[PDB]
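> This one's a deposited entry, sequence included:
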Amino acid sequence: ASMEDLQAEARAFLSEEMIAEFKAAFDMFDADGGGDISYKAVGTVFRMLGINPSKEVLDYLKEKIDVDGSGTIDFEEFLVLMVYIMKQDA
């Protein structure tokens, strides 16, 4: 599904500790320093946390989030992306 479907469900698909875990990588990559990181930054969050996305997801996330984003990607979108991976991954 698209971000529109995944946005609310994402936080429910994962456990609270997963959300808290991912927040660590988001916090360091916060480019605006407020709730917003770079689009490629979230893609890198995967690597640093041992998550391996498909080659298409890397570019996918950037453009999909860019439509709703304002030059950056929100914490929600960053969280949603993880979930999108967890679905395709294994």
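Noted; the coordinates are in hand. Numbering: from 1, shown residues only.
> give me every residue that touches residue 19.
By CB atoms under 8 Å, 6 or more residues apart in numbering, the residues touching residue 19 are 11, 79. All C-beta atoms are positioned from the backbone trio N, CA, C, and that covers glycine.
> how close does it sit to residue 82?
Between residue 19 and residue 82 the distance is 9 Å, computed by CB to CB, to the nearest Å.
> and the residue lying closest to residue 23 once chain neighbours are set aside, how far is that from residue 57?
Using CB to CB, 6 or more residues apart in numbering and skipping the chain neighbours, the partner closest in space to residue 23 is residue 75 (7.5 Å). Here residue 75 is placed at a distance of 18 Å from residue 57 (CB to CB).
> Which strands and helices lie in contact with the helix or strand where residue 58 lies?
Using DSSP states H and E, residue 58 falls within helix 55-68. Counting contacts by 3 or more CB pairs under 8 Å, 6 or more residues apart in numbering; DSSP states H and E, helix 55-68 packs against helix 3-13, helix 39-48, strand 73-74, helix 75-88.
> got a markdown table for these, with distance to residue 30 too?
Formatted as a markdown table, the helices and strands packed on helix 55-68 follow (distance: least, CB to CB, whole Å):
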| stretch | distance to residue 30 |
| --- | --- |
| helix 3-13 | 19 |
| helix 39-48 | 8 |
| strand 73-74 | 10 |
| helix 75-88 | 9 |
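> most packed of those?
strand 73-74 (a mean of 24; mean count of other CB atoms under 10 Å).
> got the buried residues for stretch 19-30?
22, 25, 26, 29, 30 (16 or more other CB atoms under 10 Å).
> Check the offset of that stretch from the chain's centre.
10 Å (CA atoms, centre = their mean, to the nearest Å).
> do the same with stretch 36-50
Counting by CA atoms, centre = their mean, stretch 36-50 comes out at 7 Å from the chain centroid.
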